[PDB]
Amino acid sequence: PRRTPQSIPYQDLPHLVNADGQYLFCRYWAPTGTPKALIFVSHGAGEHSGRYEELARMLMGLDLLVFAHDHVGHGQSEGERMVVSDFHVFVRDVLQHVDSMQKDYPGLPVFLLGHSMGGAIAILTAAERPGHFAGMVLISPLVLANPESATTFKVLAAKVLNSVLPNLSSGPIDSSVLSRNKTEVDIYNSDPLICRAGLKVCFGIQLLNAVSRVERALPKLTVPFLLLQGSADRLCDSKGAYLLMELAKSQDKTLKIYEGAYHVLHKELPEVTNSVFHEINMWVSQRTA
């Protein structure tokens, strides 16, 4: 039997098989009552859907049916770690899962929530289906990379794009520069499902493709969205959040800036994280009433 990269049979776990024949590990949090709407949670690079437990339980408490999967190459899903043939695979697979859930639970509005790379995935997913999603919640979405990191990486990208160098990698990200909450940093560094090795250059190239596709997608994006962004984000430059507010055509767009906060806003200092949860609660509540 087919097993996760951690050797657990998929027959023992919630799962979906994608269009490439790869098993994706899935998670669901459903309310006891009749659901008001569906919401897919889209995680970021190197992490996995289990990192969203608290946010998902909050959303389920609003009577939404929350669902997620680990993207290919991540967590408990199949695929070479941190490899993707093309960035659109992630979007395709979100749409498969959304479509499957809307068959099982028809008539319900569907929301997206995405953080970091998962926010770029959410933007591209909404852009592919104009008018179909009720709303999107974006926590520090990948819109523009940190300009310094992007320039340095595009050097390594020059090597890989012009030569055959399948194993070249960037240096690892310093997990401390992504949340001021030292306890959350230590938890991140302790999670065996997180890939904290340096990014394979081929994967960073797909992240560059994500940035390029997001830019082209903005002037067509019409979905309602809430955008939460820290002013001291060393990974997803806050300039991208301002560009998203400016260039999206959405009639319902809201930006909240967290002054001095780092990248992982839902795992930041307690004052920030409590506000993040409250603001998402209010925003989704107002749009599922």
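Numbers for residues come from their place in the sequence shown, where the first is 1.
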Between 173-181 and 138-146, the record assigns the higher mean Cα B factor to 173-181
Averaging only over Cα atoms, indicate whether 53-61 or 222-230 has the higher B-factor in the PDB entry.
53-61
Quiz for you: based on the deposited Cα B-factor, which of 94, 123, 72, 199 is highest?
199
So among 162, 189, 116, 77, who wins on Cα B-factor in the entry?
162
Taking only the Cα B-factors deposited for this chain, tell me whether residue 35 sits in the lowest, middle or highest third.
highest
Residue 108 by Cα B-factor - lowest, middle or highest third of the modelled chain
highest
Classify residue 7 as lowest, middle or highest third according to the C-alpha B-factor given in the PDB entry, relative to its own chain.
middle
